[PDB]
Amino acid sequence: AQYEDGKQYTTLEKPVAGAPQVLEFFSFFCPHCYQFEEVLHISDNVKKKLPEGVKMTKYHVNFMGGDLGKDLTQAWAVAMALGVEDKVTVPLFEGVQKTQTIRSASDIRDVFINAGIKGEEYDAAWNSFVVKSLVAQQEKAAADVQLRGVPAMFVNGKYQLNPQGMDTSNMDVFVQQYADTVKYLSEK
Ligand SMILES: O=C(O)Cc1coc2cc(Oc3ccccc3)ccc12
């Protein structure tokens, strides 16, 4: 077949019931994730190839970056609780990987302050049980598949994208193959 298990995707040996239709995992320490955001815009290109209104979910992971990796998962929970993902994703990626000005939870907070989130409202979210539960939700989603690599995308709790099997000579061709594979998997 044109799409084959082991080529563009792999199939989870234990499928996960109740998962979101499209689920992405990333780390602000992950270099391919940085590219997926700034250069390839993978999430937006996948969204444009799926029907209107499909749910897409994106979670941060703990396993890169030690203490700060976990702080970043909590900060991503804050961003999701406050609905400010689009305001903080690029400055968090650049603060970690480009300028290397993010070295502490305080430096993370500065990114949110600079993006116009009020200090009081950041701190209230950071300490909230709603955010504690969003941290648990991110960890649980990752744990369901003993995730050890990002960027990762799962479709319908069943299929895992395999970008290792896609053309990397051309960035736009790669994005198109990735998104068309997601579309194919979502129609399975
Ligand atoms: O770990 C792997 O090999 C799989 C993988 C995940 O995200 C990626 C992003 C890439 O970025 C490019 C660069 C130039 C053209 C097209 C794509 C390349 C490969 C991968």
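Using the eigenvalues of the Cα gyration tensor, what equivalent ellipsoid semi-axes result for segment 126-172 when each is taken as the square root of five times the eigenvalue, whole Å, largest first?
30, 13, 9
Quick one: angle between helix 66-82 and the longest Cα principal axis of the chain, in degrees between 0 and 90, rounded to 10, please.
Computed tilt is about 90 degrees.
Using only the Cα atoms of segment 1-41, what are the Rg and Dmax in Å?
In Å, with Rg to one decimal and Dmax whole: 13.7, 36.
Evaluate the charge dipole of the chain about its Cα centre and quote only its size in Debye, nearest 20, assuming +1 on the Cβ of each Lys and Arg and -1 on the Cβ of each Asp and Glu. Intermediate results must be reported in sequence, preceding the final value.
Working: 19 positive and 24 negative charges, 75 e Å.
In total the dipole reaches around 360 debye.
So what is the relative contact order for segment 1-156, in percent, with contacts set as C-alpha pairs under 8 Å and at least six apart?
Reported relative contact order: 35 percent.
Using mean Cβ contacts within 10 Å as the protection proxy, how do 9-19, 140-150 order, highest first? Don't jump to the answer; show the numbers that get you there.
On the way: 9-19: 12.5, 140-150: 14.9.
Taking the mean over residues of other Cβ atoms within 10 Å, the ranking is 140-150, 9-19.
Given labels modelled 7 Å from the Cα in the Cβ direction, how far is it in nm from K48 to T101?
So the two model labels end up 3.1 nm from each other.
Going by average Cβ neighbours within 10 Å, how do the peptides 162-175, 26-39 rank, with the highest at the top?
In decreasing order of mean packing, 162-175, 26-39 become 26-39, 162-175.
Looking at segment 58-188, what % of the alpha carbon pairs are farther apart than 21 Å?
In whole percent, the long-distance tail amounts to 50.
Go ahead and estimate [θ] at 222 nm for the chain from helices alone: -39,500 (n - 2.57) per DSSP H run with n ≥ 4, summed, over the residue count, rounded to 500.
-15000 deg cm²/dmol
For segment 2-118, rounded, prolate or oblate, judged on the Cα gyration tensor with a ≥ b ≥ c (square roots of eigenvalues), a/c < 1.5 rounded, else prolate if a/b > b/c?
Taking the square roots of the gyration eigenvalues as a ≥ b ≥ c, segment 2-118 is prolate.
Please work out whether segment 109-153 counts as rounded, prolate or oblate from its C-alpha gyration tensor, where a ≥ b ≥ c are the square roots of the eigenvalues and a/c under 1.5 means rounded, while otherwise a/b larger than b/c means prolate and anything else oblate?
oblate
All Cβ positions, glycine included, derive from the backbone under ideal geometry; neighbour counts span all protein chains shown. Each reported figure results from applying straightforward, stated rules to the coordinates on display, with no laboratory input.
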